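First the structure, in the form of structure tokens, and then the observations on it.
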Amino acid sequence: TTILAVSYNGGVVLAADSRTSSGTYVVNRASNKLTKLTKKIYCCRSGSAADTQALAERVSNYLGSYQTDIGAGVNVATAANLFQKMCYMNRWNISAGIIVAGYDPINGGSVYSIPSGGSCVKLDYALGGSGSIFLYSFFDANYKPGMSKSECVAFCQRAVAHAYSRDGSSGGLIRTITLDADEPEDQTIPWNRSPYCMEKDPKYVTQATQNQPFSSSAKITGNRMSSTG
Amino acid sequence: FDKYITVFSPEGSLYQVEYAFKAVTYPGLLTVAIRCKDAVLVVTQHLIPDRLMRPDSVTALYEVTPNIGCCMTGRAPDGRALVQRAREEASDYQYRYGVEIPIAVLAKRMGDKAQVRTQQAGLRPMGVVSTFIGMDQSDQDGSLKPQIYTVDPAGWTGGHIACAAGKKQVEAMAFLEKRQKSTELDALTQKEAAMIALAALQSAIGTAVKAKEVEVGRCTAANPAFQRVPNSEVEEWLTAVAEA
């Protein structure tokens, strides 16, 4: 699983791969780990699909009740704080790396990582899931804050692609969603149009010279690819 | 003895329920709901005698869910209490079943809650007629259709084409019943239906209303969410009524 959420000026981009895996077999190839809580507050779900779906549905329902009774929009801080309480209360029972991210007119775009402990950290960008570990160095090097909405989406997609190229546990579609003052823009990049994969990267075309014909020289030529030669 | 607890009188009646119906009328406010081809309206008298009272604050109309509006007639705070129960009931339903509570179910569950307080001693009936309005998805074609469900203190739940609750409800119904012989009332445009509702209001209270002295709720097929109709749009309807 690879989930991330970066802030641009107006709002946020959540991005996620689409693979749930029972270890080494892909149970679902097209999961939607970007889970609506309110109109403009989503979470990205890493860990036990059961546990995060259950929390996301519980928190979505509390936020809907809350929004009805205050008769106003919900702040992302509220969604994050509810999600933290639940992820903390049950920290021993559940496996659930969450990123709450969204727009509210008070604080604009906000990102909250709620990792496995039930910490809630407010961040400019958050990484989550098995694939997160690949991106920390990618962000350190290539991420520049104060991106456009369009640049953030392109970057978030390029990020998720870099993670799911190396993480076995991540793969499939890259789902993004931009949350800002405007109507939410979801989009789904299929793997055959991903911004990066190792399979298409020219760096990794020439094969490792592992096989090597039986020769009268220590000169490494290439792989033996024909029994006649 | 019959009159103070929730027990049958010799003539098989629950006096405390009969009296909670009197609480609905006591505040002297009238509401009128009306269902048209593609929308429901609910019009509530919104009288603030105090110039020092903040108009924005005193509402008879509450949102129960995005897609179910409510209008409570009777003890304002009893109304407020039933909305909290309705919201609880709707939240709870959405969690249990993962879909918005249908208005006809919500209404029926609220009738169940009312009936309980007519059968268990020591709980006061909520002296309020709840008028839920909202679209309901037809399972035959998927088309939304407008619904009004009233719940009264007895627990009696009913769907309506039009209904009135409050001060002069008998006179406002008489007007809507007289206007139902002329027109179809379910073939009407939102504008035409609004005029009928506001005219029933006007007939029953016996005075022309300002757009300020009513608050109007609304669900349409186009926009199924319960909206408060802005005073501008109501002003157009009251000019349209006073002409014809």
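Residue numbering restarts at 1 for every chain of the structure tokens, chains are lettered A, B, ... in their displayed order, and ligands are numbered from 1 as they appear.
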
Problem - All residues 7 Å or closer to stretch 213-223 of chain B, only C-alpha atoms, same chain fewer than 6 positions away omitted, as a PyMOL selection string - result: chain B and resi 38-47+61+134-135+144-145+229

For the interface of chain A with chain B (cut-off 7 Å, counting only C-alpha atoms), please tabulate each contacting residue of chain A alongside its nearest pair of atoms and their separation in Å to one decimal, rows sorted by chain and increasing number, as JSON lines.
{"residue": "A:61", "atom": "CA", "partner": "B:95", "partner_atom": "CA", "distance": 6.4}
{"residue": "A:65", "atom": "CA", "partner": "B:91", "partner_atom": "CA", "distance": 6.1}
{"residue": "A:68", "atom": "CA", "partner": "B:65", "partner_atom": "CA", "distance": 6.5}

Those residues you just picked out, can you put them in a file as a JSON list (two decimals), in the first residue's frame with N, CA, C and O atoms?
[["chain", "number", "residue", "atom", "x", "y", "z"],
["A", 61, "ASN", "N", -19.58, 8.82, 9.57],
["A", 61, "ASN", "CA", -20.93, 8.85, 10.17],
["A", 61, "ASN", "C", -20.97, 9.88, 11.30],
["A", 61, "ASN", "O", -21.97, 10.60, 11.38],
["A", 65, "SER", "N", -23.24, 13.46, 11.19],
["A", 65, "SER", "CA", -24.08, 13.82, 12.35],
["A", 65, "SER", "C", -23.65, 15.20, 12.88],
["A", 65, "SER", "O", -24.54, 16.01, 13.18],
["A", 68, "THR", "N", -24.49, 18.09, 10.52],
["A", 68, "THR", "CA", -25.96, 18.29, 10.52],
["A", 68, "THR", "C", -26.34, 19.16, 11.72],
["A", 68, "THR", "O", -27.18, 20.06, 11.53]]

Practice task
Would you please give, as a PyMOL selection string, all residues of stretch 98-173 of chain B that DSSP assigns to helix (DSSP H, G or I) based on the backbone?
Solution key: chain B and resi 103-119+169-173

Would you put the residues from that selection into a file with C-alpha atoms, as a CSV table (one decimal), in the first residue's frame?
chain,number,residue,atom,x,y,z
B,103,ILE,CA,-38.2,9.6,5.0
B,104,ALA,CA,-41.1,7.1,5.4
B,105,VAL,CA,-38.9,4.9,7.7
B,106,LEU,CA,-37.6,7.9,9.7
B,107,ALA,CA,-41.3,9.1,10.1
B,108,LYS,CA,-42.4,5.6,11.2
B,109,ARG,CA,-39.5,5.2,13.7
B,110,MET,CA,-40.5,8.7,15.2
B,111,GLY,CA,-44.1,7.5,15.5
B,112,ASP,CA,-42.7,4.4,17.4
B,113,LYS,CA,-40.8,6.8,19.8
B,114,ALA,CA,-44.0,8.9,20.3
B,115,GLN,CA,-46.2,5.8,20.9
B,116,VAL,CA,-43.8,4.6,23.7
B,117,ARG,CA,-44.4,7.8,25.6
B,118,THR,CA,-48.2,7.2,25.3
B,119,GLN,CA,-47.8,3.6,26.8
B,169,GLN,CA,-54.8,24.1,10.8
B,170,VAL,CA,-58.6,23.2,10.4
B,171,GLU,CA,-59.1,26.5,8.3
B,172,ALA,CA,-55.8,26.0,6.3
B,173,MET,CA,-56.8,22.3,5.4

With the cut-off set at 12 Å and counting only C-alpha atoms, tabulate each residue of stretch 48-89 of chain A with an atom at most that distance from an atom of stretch 1-11 of chain A, showing the nearest atom pair and its distance in Å to one decimal, ordered by chain and increasing number, as CSV.
residue,atom,partner,partner_atom,distance
A:48,CA,A:1,CA,10.3
A:49,CA,A:1,CA,10.3
A:76,CA,A:11,CA,11.0

Written file, previous selection with N, CA, C and O atoms, as an mmCIF file, in the first residue's frame:
data_model
loop_
_atom_site.group_PDB
_atom_site.id
_atom_site.type_symbol
_atom_site.label_atom_id
_atom_site.label_comp_id
_atom_site.auth_asym_id
_atom_site.auth_seq_id
_atom_site.Cartn_x
_atom_site.Cartn_y
_atom_site.Cartn_z
ATOM 1 N N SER A 48 -4.699 -3.049 7.561
ATOM 2 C CA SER A 48 -5.928 -3.878 7.509
ATOM 3 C C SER A 48 -7.052 -3.098 6.836
ATOM 4 O O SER A 48 -7.490 -2.085 7.414
ATOM 5 N N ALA A 49 -7.482 -3.566 5.665
ATOM 6 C CA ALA A 49 -8.589 -2.976 4.886
ATOM 7 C C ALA A 49 -9.845 -2.989 5.753
ATOM 8 O O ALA A 49 -10.524 -1.957 5.810
ATOM 9 N N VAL A 76 -11.005 20.094 8.931
ATOM 10 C CA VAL A 76 -10.172 18.874 8.733
ATOM 11 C C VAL A 76 -9.634 18.451 10.096
ATOM 12 O O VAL A 76 -9.544 17.248 10.337
#

Handout entry: Shortest interatomic distance to residue B:80 - which of B:123, B:52, B:209, B:129, counting only C-alpha atoms
Key =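 Closest candidate: B:129.
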
Practice task
Would you please work out which residue, of B:147, B:25, B:227, B:16, is nearest to residue B:76 when using only C-alpha atoms?
Solution key: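 Going through B:147, B:25, B:227, B:16 one by one, the smallest distance to residue B:76 is for B:25.
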
Exercise for the section: Just the residues within 8 Å of stretch 95-109 of chain A, please, counting only C-alpha atoms, with nothing from its chain fewer than 5 positions along; format it as a ChimeraX atom specification. Expected result: /A:3-5,7-12,14,40-48,51-52,73-76,79-80,83,87,114-116,126-129,179-181

I need the residues from that last selection saved to file as a tab-separated table (two decimals), in the first residue's frame (with N, CA and C atoms), if you can.
chain	number	residue	atom	x	y	z
A	3	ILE	N	0.16	5.40	0.11
A	3	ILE	CA	-0.79	6.54	0.22
A	3	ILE	C	0.03	7.76	0.53
A	4	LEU	N	-0.31	8.88	-0.07
A	4	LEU	CA	0.30	10.18	0.28
A	4	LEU	C	-0.71	11.28	0.06
A	5	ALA	N	-0.48	12.40	0.72
A	5	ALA	CA	-1.30	13.61	0.64
A	5	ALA	C	-0.36	14.78	0.72
A	7	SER	N	-0.04	19.13	0.35
A	7	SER	CA	-0.72	20.44	0.35
A	7	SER	C	-0.17	21.26	-0.82
A	8	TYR	N	-1.06	21.84	-1.62
A	8	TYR	CA	-0.79	23.03	-2.45
A	8	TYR	C	-1.45	24.22	-1.76
A	9	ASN	N	-1.55	25.38	-2.42
A	9	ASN	CA	-2.01	26.63	-1.75
A	9	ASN	C	-3.47	26.47	-1.32
A	10	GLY	N	-4.38	26.33	-2.28
A	10	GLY	CA	-5.83	26.29	-2.01
A	10	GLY	C	-6.24	25.10	-1.15
A	11	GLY	N	-5.57	23.96	-1.28
A	11	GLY	CA	-6.09	22.67	-0.79
A	11	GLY	C	-5.04	21.58	-0.75
A	12	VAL	N	-5.44	20.35	-1.08
A	12	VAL	CA	-4.60	19.13	-0.92
A	12	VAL	C	-4.87	18.18	-2.08
A	14	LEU	N	-4.72	14.02	-2.26
A	14	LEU	CA	-4.50	12.65	-1.76
A	14	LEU	C	-4.17	11.83	-2.99
A	40	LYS	N	-15.35	17.40	1.38
A	40	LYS	CA	-13.97	17.88	1.11
A	40	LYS	C	-12.98	17.42	2.19
A	41	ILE	N	-13.24	16.32	2.88
A	41	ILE	CA	-12.26	15.71	3.81
A	41	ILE	C	-12.22	14.22	3.50
A	42	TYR	N	-11.13	13.75	2.94
A	42	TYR	CA	-10.92	12.32	2.65
A	42	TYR	C	-9.88	11.80	3.63
A	43	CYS	N	-9.80	10.49	3.77
A	43	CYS	CA	-8.64	9.81	4.38
A	43	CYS	C	-8.02	8.87	3.36
A	44	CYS	N	-6.74	8.60	3.50
A	44	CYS	CA	-6.05	7.50	2.78
A	44	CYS	C	-5.80	6.39	3.79
A	45	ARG	N	-6.14	5.17	3.41
A	45	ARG	CA	-6.19	4.01	4.31
A	45	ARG	C	-5.03	3.08	3.95
A	46	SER	N	-4.16	2.85	4.92
A	46	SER	CA	-3.10	1.82	4.86
A	46	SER	C	-3.35	0.84	6.02
A	47	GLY	N	-2.83	-0.38	5.90
A	47	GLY	CA	-3.02	-1.44	6.90
A	47	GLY	C	-4.29	-2.21	6.62
A	48	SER	N	-4.70	-3.05	7.56
A	48	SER	CA	-5.93	-3.88	7.51
A	48	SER	C	-7.05	-3.10	6.84
A	51	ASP	N	-10.07	-2.88	9.02
A	51	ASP	CA	-9.92	-1.96	10.18
A	51	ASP	C	-10.09	-0.52	9.71
A	52	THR	N	-9.49	-0.14	8.60
A	52	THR	CA	-9.54	1.24	8.08
A	52	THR	C	-10.92	1.55	7.51
A	73	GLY	N	-19.89	23.68	7.89
A	73	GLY	CA	-18.86	22.77	7.38
A	73	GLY	C	-18.00	22.24	8.51
A	74	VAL	N	-17.46	21.04	8.31
A	74	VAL	CA	-16.55	20.36	9.27
A	74	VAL	C	-15.13	20.79	8.91
A	75	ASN	N	-14.31	21.09	9.93
A	75	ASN	CA	-12.87	21.42	9.80
A	75	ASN	C	-12.11	20.10	9.67
A	76	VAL	N	-11.01	20.09	8.93
A	76	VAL	CA	-10.17	18.87	8.73
A	76	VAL	C	-9.63	18.45	10.10
A	79	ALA	N	-11.99	16.09	11.77
A	79	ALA	CA	-11.91	14.75	11.16
A	79	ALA	C	-10.66	14.05	11.67
A	80	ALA	N	-9.54	14.75	11.68
A	80	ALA	CA	-8.24	14.20	12.10
A	80	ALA	C	-8.33	13.78	13.57
A	83	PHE	N	-10.55	10.70	14.10
A	83	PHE	CA	-9.79	9.55	13.55
A	83	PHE	C	-8.66	9.16	14.49
A	87	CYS	N	-8.28	5.52	16.29
A	87	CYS	CA	-6.99	4.85	15.96
A	87	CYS	C	-6.13	4.68	17.22
A	114	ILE	N	-2.01	10.10	10.74
A	114	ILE	CA	-2.30	9.33	11.98
A	114	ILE	C	-1.70	7.95	11.80
A	115	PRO	N	-0.41	7.73	12.14
A	115	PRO	CA	0.23	6.43	11.93
A	115	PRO	C	-0.26	5.42	12.97
A	116	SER	N	0.42	4.27	13.06
A	116	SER	CA	-0.05	3.07	13.79
A	116	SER	C	-0.22	3.36	15.30
A	126	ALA	N	2.17	14.08	3.74
A	126	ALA	CA	2.23	12.86	4.55
A	126	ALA	C	2.38	11.68	3.61
A	127	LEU	N	3.14	10.70	4.05
A	127	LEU	CA	3.35	9.42	3.35
A	127	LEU	C	2.78	8.32	4.23
A	128	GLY	N	2.28	7.25	3.65
A	128	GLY	CA	1.76	6.11	4.42
A	128	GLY	C	1.89	4.82	3.64
A	129	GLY	N	1.84	3.70	4.36
A	129	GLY	CA	1.81	2.36	3.78
A	129	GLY	C	3.21	1.82	3.53
A	179	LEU	N	-8.74	18.24	-3.14
A	179	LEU	CA	-9.77	18.84	-2.26
A	179	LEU	C	-9.37	20.29	-2.04
A	180	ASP	N	-10.22	21.22	-2.45
A	180	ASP	CA	-10.00	22.69	-2.36
A	180	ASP	C	-11.37	23.35	-2.36
A	181	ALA	N	-11.44	24.67	-2.46
A	181	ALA	CA	-12.70	25.44	-2.49
A	181	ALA	C	-13.62	24.96	-3.62

Exercise for the section: Step one, run DSSP on the backbone; step two, keep only residues of stretch 39-143 of chain B assigned to strand (DSSP E); then write them as a PyMOL selection string. Expected result: chain B and resi 39-45+61-65+68-74+128-137

Handout entry: Within 7 Å of residue A:177 using only C-alpha atoms, minus same-chain residues under 4 positions, as a PyMOL selection string
Key = chain A and resi 13-15+184-187

Residues just named, written with C-alpha atoms as a compact mmCIF listing (two decimals), in the first residue's frame:
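Contents of result32.txt, as written:
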# COMPACT_ATOMS: atom_id res chain seq x y z
CA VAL A 13 -4.01 16.14 -3.23
CA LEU A 14 -4.50 12.65 -1.76
CA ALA A 15 -2.93 9.90 -3.93
CA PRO A 184 -13.45 17.60 -5.80
CA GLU A 185 -11.52 16.28 -8.89
CA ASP A 186 -10.89 12.50 -8.58
CA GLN A 187 -8.78 10.91 -11.35

Handout entry: Selection near residue A:23, 9 Å with only C-alpha atoms, sequence-local residues under 3 positions removed, as JSON, numbers by chain
Key = {"A": [20, 26, 169]}

Same residues, N, CA and C atoms, output as a short mmCIF file (atom, residue, chain, number, x, y, z; two decimals), in the first residue's frame:
data_model
loop_
_atom_site.label_atom_id
_atom_site.label_comp_id
_atom_site.auth_asym_id
_atom_site.auth_seq_id
_atom_site.Cartn_x
_atom_site.Cartn_y
_atom_site.Cartn_z
N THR A 20 -4.82 -4.20 -2.92
CA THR A 20 -4.80 -4.93 -1.63
C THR A 20 -4.20 -6.29 -1.95
N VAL A 26 -2.59 -10.69 -5.22
CA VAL A 26 -3.35 -9.41 -5.27
C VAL A 26 -4.82 -9.75 -5.24
N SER A 169 4.03 -4.83 -2.54
CA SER A 169 2.73 -4.78 -1.84
C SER A 169 1.86 -3.66 -2.42
#

Problem - Distance of atom CA of residue A:194 from atom CA of residue A:156, expressed in Å to one decimal place - result: 11.6 Å

Problem - Length of the atom CA of residue B:237 to atom CA of residue B:202 vector [Å] - result: 12.2 Å

Practice task
Please provide as a PyMOL selection string all residues within 10 Å of residue B:120, with the sequence filter that same-chain residues fewer than 6 positions apart are discarded (counting only C-alpha atoms).
Solution key: chain B and resi 5-7

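Atom to atom, atom CA of residue B:56 and atom CA of residue B:136 stand 29.0 Å apart.
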
Problem - Among listed residues B:239, B:13, B:182, B:140, nearest residue B:210 (using only C-alpha atoms) - result: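 Closest residue, counting only C-alpha atoms: B:239.
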
Exercise for the section: Within 10 Å of residue B:167, counting only C-alpha atoms, which residues show up once you throw out same-chain ones fewer than 3 positions away? Write them as a PyMOL selection string, please. Expected result: chain B and resi 22+24-31+73-74+164+170-172+204-205
